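Notes for the one structure printed next.
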2 protein chains.
Amino acid sequence: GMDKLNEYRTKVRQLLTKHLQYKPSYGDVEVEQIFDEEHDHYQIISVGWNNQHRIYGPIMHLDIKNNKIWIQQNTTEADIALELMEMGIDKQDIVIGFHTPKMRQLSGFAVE
Amino acid sequence: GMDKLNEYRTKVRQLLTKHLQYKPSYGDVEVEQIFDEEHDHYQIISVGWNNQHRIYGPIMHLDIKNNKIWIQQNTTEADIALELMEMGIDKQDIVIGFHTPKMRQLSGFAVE
């Protein structure tokens, strides 16, 4: 409950920090961490330029809400669900946030 | 230096918290805070739905870097620069992050 919380925080932060180790091979982009433990919102974000195209946008965003990990955004090829389960997180404590609640009843994880 | 830091943190967090008080009149969108004091990255973000259109995206993002406030994103009508100055922040401690360095030499604020 608080131990599940602390495990999920650890594991969410590890997974996101892992994915901080790479960045696009185009331009002058920095990849940054925005971790808010008070509200349990965890984001990694691209900020920079490709010449005079402004590059700006979350790559990956995971929330912890009611003892579950909500995947709010993933712009990568990675399967973050499968990477969370590979860290020993139960498939039913994972919500795909960018699926509608109806889509969620079908796509294999927790509806909420 | 550390007092400027703490003033800028206070004032950045106040301004962002202000803008948390409103949200789009379309859909089921939540507006959330992601404040990282370790790295001084401060974001407010839209997360939700407009029917089955996924709504996801930073509304407003301010960083504190080398004793200056970097406006990384603003999707609103607000002039955050002018709102920062209206809080007593000097125009030369404000960097418009979504302008190129060349654009910055022209648009009235600090280049870095």
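As shown in the structure tokens, the chain order sets the letters A, B, ...; within each chain, residues go from 1, and ligands are also counted from 1 in the order they appear.
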
Requested in this report: Skip residue 83 (chain A) itself and residues of its chain fewer than 5 positions away, then list as a PyMOL selection string all residues within 12 Å of it, counting only C-alpha atoms.
Outcome: chain A and resi 11-12+14-16+18-19+71+77-78+88-91+94

Go ahead and write the selection's residues with N, CA, C and O atoms as an mmCIF file, in the first residue's frame.
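Generated output (out-v5.cif):
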```cif
data_model
loop_
_atom_site.group_PDB
_atom_site.id
_atom_site.type_symbol
_atom_site.label_atom_id
_atom_site.label_comp_id
_atom_site.auth_asym_id
_atom_site.auth_seq_id
_atom_site.Cartn_x
_atom_site.Cartn_y
_atom_site.Cartn_z
ATOM 1 N N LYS A 11 10.500 1.747 -9.239
ATOM 2 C CA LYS A 11 10.532 1.086 -10.520
ATOM 3 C C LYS A 11 10.150 2.004 -11.685
ATOM 4 O O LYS A 11 10.692 1.852 -12.769
ATOM 5 N N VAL A 12 9.223 2.936 -11.463
ATOM 6 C CA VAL A 12 8.853 3.927 -12.475
ATOM 7 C C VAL A 12 10.039 4.855 -12.755
ATOM 8 O O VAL A 12 10.338 5.157 -13.912
ATOM 9 N N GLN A 14 13.268 4.245 -12.170
ATOM 10 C CA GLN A 14 14.335 3.450 -12.788
ATOM 11 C C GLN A 14 14.125 3.313 -14.289
ATOM 12 O O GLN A 14 15.036 3.555 -15.073
ATOM 13 N N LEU A 15 12.915 2.916 -14.668
ATOM 14 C CA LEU A 15 12.540 2.741 -16.068
ATOM 15 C C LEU A 15 12.711 4.036 -16.867
ATOM 16 O O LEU A 15 13.233 4.013 -17.977
ATOM 17 N N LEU A 16 12.265 5.156 -16.298
ATOM 18 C CA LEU A 16 12.347 6.446 -16.962
ATOM 19 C C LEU A 16 13.793 6.940 -17.087
ATOM 20 O O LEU A 16 14.182 7.428 -18.128
ATOM 21 N N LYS A 18 16.409 4.977 -17.121
ATOM 22 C CA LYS A 18 16.960 4.137 -18.176
ATOM 23 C C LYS A 18 16.798 4.855 -19.493
ATOM 24 O O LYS A 18 17.753 5.100 -20.199
ATOM 25 N N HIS A 19 15.570 5.215 -19.825
ATOM 26 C CA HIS A 19 15.282 5.813 -21.140
ATOM 27 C C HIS A 19 15.798 7.248 -21.338
ATOM 28 O O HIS A 19 15.693 7.800 -22.434
ATOM 29 N N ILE A 71 0.246 4.802 -17.778
ATOM 30 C CA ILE A 71 1.097 5.201 -18.891
ATOM 31 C C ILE A 71 0.322 6.293 -19.627
ATOM 32 O O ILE A 71 -0.677 6.020 -20.280
ATOM 33 N N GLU A 77 9.411 3.316 -29.336
ATOM 34 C CA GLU A 77 9.075 2.000 -29.877
ATOM 35 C C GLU A 77 8.943 1.025 -28.753
ATOM 36 O O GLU A 77 8.508 -0.104 -28.977
ATOM 37 N N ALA A 78 9.323 1.455 -27.553
ATOM 38 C CA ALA A 78 9.382 0.566 -26.393
ATOM 39 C C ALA A 78 7.977 0.147 -25.979
ATOM 40 O O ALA A 78 7.004 0.902 -26.176
ATOM 41 N N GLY A 88 8.522 -6.853 -12.558
ATOM 42 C CA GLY A 88 7.773 -7.573 -11.532
ATOM 43 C C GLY A 88 6.531 -6.839 -11.096
ATOM 44 O O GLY A 88 6.056 -7.021 -9.981
ATOM 45 N N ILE A 89 6.002 -5.999 -11.979
ATOM 46 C CA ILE A 89 4.774 -5.270 -11.707
ATOM 47 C C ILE A 89 3.639 -6.043 -12.363
ATOM 48 O O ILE A 89 3.749 -6.473 -13.522
ATOM 49 N N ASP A 90 2.560 -6.239 -11.619
ATOM 50 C CA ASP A 90 1.458 -7.035 -12.124
ATOM 51 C C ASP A 90 0.735 -6.310 -13.249
ATOM 52 O O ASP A 90 0.517 -5.100 -13.168
ATOM 53 N N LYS A 91 0.328 -7.072 -14.265
ATOM 54 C CA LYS A 91 -0.347 -6.502 -15.438
ATOM 55 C C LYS A 91 -1.638 -5.765 -15.041
ATOM 56 O O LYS A 91 -2.063 -4.842 -15.732
ATOM 57 N N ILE A 94 -1.373 -1.842 -14.097
ATOM 58 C CA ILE A 94 -0.917 -1.020 -15.196
ATOM 59 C C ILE A 94 -2.173 -0.565 -15.945
ATOM 60 O O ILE A 94 -2.995 -1.384 -16.310
#
```

Report task. Extract, using only C-alpha atoms, all DNA, RNA and protein residues at most 10 Å from residue 26 (chain A), discarding same-chain residues fewer than 5 positions from it, and format them as a VMD selection string. Result -> chain A and resid 49 to 51

Take the residues from that selection and write them out as a compact mmCIF listing (two decimals), in the first residue's frame, keeping C-alpha atoms.
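Dumped everything to result.txt:
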```txt
# COMPACT_ATOMS: atom_id res chain seq x y z
CA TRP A 49 16.01 22.27 -31.95
CA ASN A 50 16.46 20.64 -35.29
CA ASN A 51 17.91 23.71 -37.05
```

Query raised in the report: Using only C-alpha atoms, which chain A residues lie at most 7 Å away from chain B, written as a PyMOL selection string?
Result: chain A and resi 34-36+41+52+54+98+100

Report task. Would you please give, as a PyMOL selection string, all residues of chain A that DSSP assigns to alpha helix (DSSP H) based on the backbone? Result -> chain A and resi 3-19+80-85+101-104

Selected residues, N, CA and C atoms, written as a PDB file, in the first residue's frame, please.
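Wrote it out as result_6.pdb, contents follow:
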```pdb
ATOM      1  N   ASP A   3       4.096   0.448   0.546  1.00  0.00           N
ATOM      2  CA  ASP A   3       5.262  -0.366   0.170  1.00  0.00           C
ATOM      3  C   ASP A   3       5.178  -0.674  -1.311  1.00  0.00           C
ATOM      4  N   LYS A   4       3.942  -0.892  -1.750  1.00  0.00           N
ATOM      5  CA  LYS A   4       3.608  -0.954  -3.156  1.00  0.00           C
ATOM      6  C   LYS A   4       3.872   0.396  -3.814  1.00  0.00           C
ATOM      7  N   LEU A   5       3.440   1.469  -3.153  1.00  0.00           N
ATOM      8  CA  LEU A   5       3.712   2.838  -3.593  1.00  0.00           C
ATOM      9  C   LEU A   5       5.204   3.062  -3.812  1.00  0.00           C
ATOM     10  N   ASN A   6       5.992   2.722  -2.801  1.00  0.00           N
ATOM     11  CA  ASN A   6       7.424   2.955  -2.827  1.00  0.00           C
ATOM     12  C   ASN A   6       8.165   2.051  -3.816  1.00  0.00           C
ATOM     13  N   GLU A   7       7.671   0.834  -4.018  1.00  0.00           N
ATOM     14  CA  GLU A   7       8.164  -0.048  -5.067  1.00  0.00           C
ATOM     15  C   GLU A   7       7.839   0.538  -6.439  1.00  0.00           C
ATOM     16  N   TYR A   8       6.623   1.038  -6.607  1.00  0.00           N
ATOM     17  CA  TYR A   8       6.182   1.558  -7.906  1.00  0.00           C
ATOM     18  C   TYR A   8       6.927   2.851  -8.254  1.00  0.00           C
ATOM     19  N   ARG A   9       7.167   3.701  -7.268  1.00  0.00           N
ATOM     20  CA  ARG A   9       7.969   4.901  -7.447  1.00  0.00           C
ATOM     21  C   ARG A   9       9.390   4.548  -7.865  1.00  0.00           C
ATOM     22  N   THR A  10      10.010   3.616  -7.142  1.00  0.00           N
ATOM     23  CA  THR A  10      11.349   3.159  -7.480  1.00  0.00           C
ATOM     24  C   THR A  10      11.406   2.650  -8.903  1.00  0.00           C
ATOM     25  N   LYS A  11      10.500   1.747  -9.239  1.00  0.00           N
ATOM     26  CA  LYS A  11      10.532   1.086 -10.520  1.00  0.00           C
ATOM     27  C   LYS A  11      10.150   2.004 -11.685  1.00  0.00           C
ATOM     28  N   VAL A  12       9.223   2.936 -11.463  1.00  0.00           N
ATOM     29  CA  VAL A  12       8.853   3.927 -12.475  1.00  0.00           C
ATOM     30  C   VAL A  12      10.039   4.855 -12.755  1.00  0.00           C
ATOM     31  N   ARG A  13      10.710   5.287 -11.693  1.00  0.00           N
ATOM     32  CA  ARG A  13      11.859   6.199 -11.797  1.00  0.00           C
ATOM     33  C   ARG A  13      13.087   5.540 -12.442  1.00  0.00           C
ATOM     34  N   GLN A  14      13.268   4.245 -12.170  1.00  0.00           N
ATOM     35  CA  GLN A  14      14.335   3.450 -12.788  1.00  0.00           C
ATOM     36  C   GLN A  14      14.125   3.313 -14.289  1.00  0.00           C
ATOM     37  N   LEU A  15      12.915   2.916 -14.668  1.00  0.00           N
ATOM     38  CA  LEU A  15      12.540   2.741 -16.068  1.00  0.00           C
ATOM     39  C   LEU A  15      12.711   4.036 -16.867  1.00  0.00           C
ATOM     40  N   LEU A  16      12.265   5.156 -16.298  1.00  0.00           N
ATOM     41  CA  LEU A  16      12.347   6.446 -16.962  1.00  0.00           C
ATOM     42  C   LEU A  16      13.793   6.940 -17.087  1.00  0.00           C
ATOM     43  N   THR A  17      14.571   6.777 -16.014  1.00  0.00           N
ATOM     44  CA  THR A  17      16.000   7.086 -15.967  1.00  0.00           C
ATOM     45  C   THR A  17      16.787   6.244 -16.979  1.00  0.00           C
ATOM     46  N   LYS A  18      16.409   4.977 -17.121  1.00  0.00           N
ATOM     47  CA  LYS A  18      16.960   4.137 -18.176  1.00  0.00           C
ATOM     48  C   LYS A  18      16.798   4.855 -19.493  1.00  0.00           C
ATOM     49  N   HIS A  19      15.570   5.215 -19.825  1.00  0.00           N
ATOM     50  CA  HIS A  19      15.282   5.813 -21.140  1.00  0.00           C
ATOM     51  C   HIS A  19      15.798   7.248 -21.338  1.00  0.00           C
ATOM     52  N   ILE A  80       6.352  -0.190 -22.741  1.00  0.00           N
ATOM     53  CA  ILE A  80       6.624   0.196 -21.375  1.00  0.00           C
ATOM     54  C   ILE A  80       5.863  -0.731 -20.448  1.00  0.00           C
ATOM     55  N   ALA A  81       4.631  -1.116 -20.818  1.00  0.00           N
ATOM     56  CA  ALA A  81       3.874  -2.147 -20.066  1.00  0.00           C
ATOM     57  C   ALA A  81       4.728  -3.408 -19.865  1.00  0.00           C
ATOM     58  N   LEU A  82       5.167  -3.991 -20.973  1.00  0.00           N
ATOM     59  CA  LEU A  82       5.950  -5.201 -20.901  1.00  0.00           C
ATOM     60  C   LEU A  82       7.253  -4.936 -20.116  1.00  0.00           C
ATOM     61  N   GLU A  83       7.806  -3.722 -20.212  1.00  0.00           N
ATOM     62  CA  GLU A  83       9.017  -3.390 -19.434  1.00  0.00           C
ATOM     63  C   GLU A  83       8.737  -3.227 -17.917  1.00  0.00           C
ATOM     64  N   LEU A  84       7.532  -2.773 -17.589  1.00  0.00           N
ATOM     65  CA  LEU A  84       7.080  -2.718 -16.192  1.00  0.00           C
ATOM     66  C   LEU A  84       6.842  -4.132 -15.646  1.00  0.00           C
ATOM     67  N   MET A  85       6.144  -4.969 -16.392  1.00  0.00           N
ATOM     68  CA  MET A  85       5.971  -6.355 -15.974  1.00  0.00           C
ATOM     69  C   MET A  85       7.307  -7.098 -15.826  1.00  0.00           C
ATOM     70  N   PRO A 101     -11.335   4.316 -21.753  1.00  0.00           N
ATOM     71  CA  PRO A 101     -11.817   3.271 -20.856  1.00  0.00           C
ATOM     72  C   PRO A 101     -12.420   2.082 -21.565  1.00  0.00           C
ATOM     73  N   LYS A 102     -13.161   2.323 -22.647  1.00  0.00           N
ATOM     74  CA  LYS A 102     -13.684   1.222 -23.457  1.00  0.00           C
ATOM     75  C   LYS A 102     -12.593   0.419 -24.141  1.00  0.00           C
ATOM     76  N   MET A 103     -11.592   1.117 -24.688  1.00  0.00           N
ATOM     77  CA  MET A 103     -10.457   0.466 -25.356  1.00  0.00           C
ATOM     78  C   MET A 103      -9.713  -0.366 -24.298  1.00  0.00           C
ATOM     79  N   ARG A 104      -9.709   0.114 -23.054  1.00  0.00           N
ATOM     80  CA  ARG A 104      -8.941  -0.528 -21.994  1.00  0.00           C
ATOM     81  C   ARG A 104      -9.506  -1.880 -21.613  1.00  0.00           C
TER      82      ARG A 104
END
```

Query raised in the report: What residues in chain B get the DSSP label strand (DSSP E)? Please answer as a PyMOL selection string.
Result: chain B and resi 28-36+41-50+53-65+68-74+94-96

Quick one: write out the picked residues with C-alpha atoms as a PDB file, in the first residue's frame?
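Output file part-v9.pdb follows:
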```pdb
ATOM      1  CA  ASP B  28     -12.883  15.751 -19.800  1.00  0.00           C
ATOM      2  CA  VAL B  29      -9.464  17.220 -19.390  1.00  0.00           C
ATOM      3  CA  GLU B  30      -7.516  17.502 -16.148  1.00  0.00           C
ATOM      4  CA  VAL B  31      -4.806  20.103 -15.749  1.00  0.00           C
ATOM      5  CA  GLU B  32      -1.914  18.863 -13.611  1.00  0.00           C
ATOM      6  CA  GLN B  33       1.233  20.053 -11.964  1.00  0.00           C
ATOM      7  CA  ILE B  34       4.680  18.479 -12.545  1.00  0.00           C
ATOM      8  CA  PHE B  35       7.187  20.444 -10.455  1.00  0.00           C
ATOM      9  CA  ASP B  36      10.758  19.085 -10.120  1.00  0.00           C
ATOM     10  CA  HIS B  41      11.776  22.048 -14.241  1.00  0.00           C
ATOM     11  CA  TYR B  42       8.178  23.238 -13.730  1.00  0.00           C
ATOM     12  CA  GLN B  43       5.298  22.159 -15.923  1.00  0.00           C
ATOM     13  CA  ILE B  44       1.521  22.261 -16.032  1.00  0.00           C
ATOM     14  CA  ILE B  45      -0.006  19.682 -18.407  1.00  0.00           C
ATOM     15  CA  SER B  46      -3.370  18.811 -20.018  1.00  0.00           C
ATOM     16  CA  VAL B  47      -4.333  15.158 -19.763  1.00  0.00           C
ATOM     17  CA  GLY B  48      -7.697  13.773 -20.843  1.00  0.00           C
ATOM     18  CA  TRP B  49     -10.154  13.291 -23.687  1.00  0.00           C
ATOM     19  CA  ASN B  50     -12.455  15.121 -26.004  1.00  0.00           C
ATOM     20  CA  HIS B  53      -9.656  12.388 -29.204  1.00  0.00           C
ATOM     21  CA  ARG B  54      -6.834  11.945 -26.710  1.00  0.00           C
ATOM     22  CA  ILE B  55      -5.891  15.267 -25.146  1.00  0.00           C
ATOM     23  CA  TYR B  56      -2.294  15.306 -23.926  1.00  0.00           C
ATOM     24  CA  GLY B  57       0.229  18.134 -23.791  1.00  0.00           C
ATOM     25  CA  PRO B  58       2.070  20.701 -21.702  1.00  0.00           C
ATOM     26  CA  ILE B  59       0.224  23.961 -21.468  1.00  0.00           C
ATOM     27  CA  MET B  60       3.035  25.798 -19.768  1.00  0.00           C
ATOM     28  CA  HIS B  61       6.652  24.927 -18.949  1.00  0.00           C
ATOM     29  CA  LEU B  62       9.213  27.063 -17.113  1.00  0.00           C
ATOM     30  CA  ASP B  63      12.772  26.137 -16.197  1.00  0.00           C
ATOM     31  CA  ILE B  64      15.238  27.891 -13.905  1.00  0.00           C
ATOM     32  CA  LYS B  65      18.749  27.611 -15.411  1.00  0.00           C
ATOM     33  CA  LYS B  68      17.278  32.753 -15.311  1.00  0.00           C
ATOM     34  CA  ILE B  69      13.725  31.720 -16.085  1.00  0.00           C
ATOM     35  CA  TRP B  70      13.448  29.832 -19.370  1.00  0.00           C
ATOM     36  CA  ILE B  71       9.948  29.799 -20.919  1.00  0.00           C
ATOM     37  CA  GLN B  72      10.039  26.444 -22.743  1.00  0.00           C
ATOM     38  CA  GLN B  73       6.349  26.278 -23.751  1.00  0.00           C
ATOM     39  CA  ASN B  74       3.184  28.353 -23.580  1.00  0.00           C
ATOM     40  CA  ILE B  94      13.888  35.811 -18.742  1.00  0.00           C
ATOM     41  CA  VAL B  95      14.881  33.680 -21.759  1.00  0.00           C
ATOM     42  CA  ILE B  96      12.312  32.826 -24.458  1.00  0.00           C
TER      43      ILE B  96
END
```

**Report entry** Computed interatomic separation between CA of residue 87 (chain B) and CA of residue 23 (chain B) (Å)
**Finding:**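 The value is 22.8 Å.
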
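When CA of residue 110 (chain B) is paired with CA of residue 76 (chain B), their separation reads 21.6 Å.
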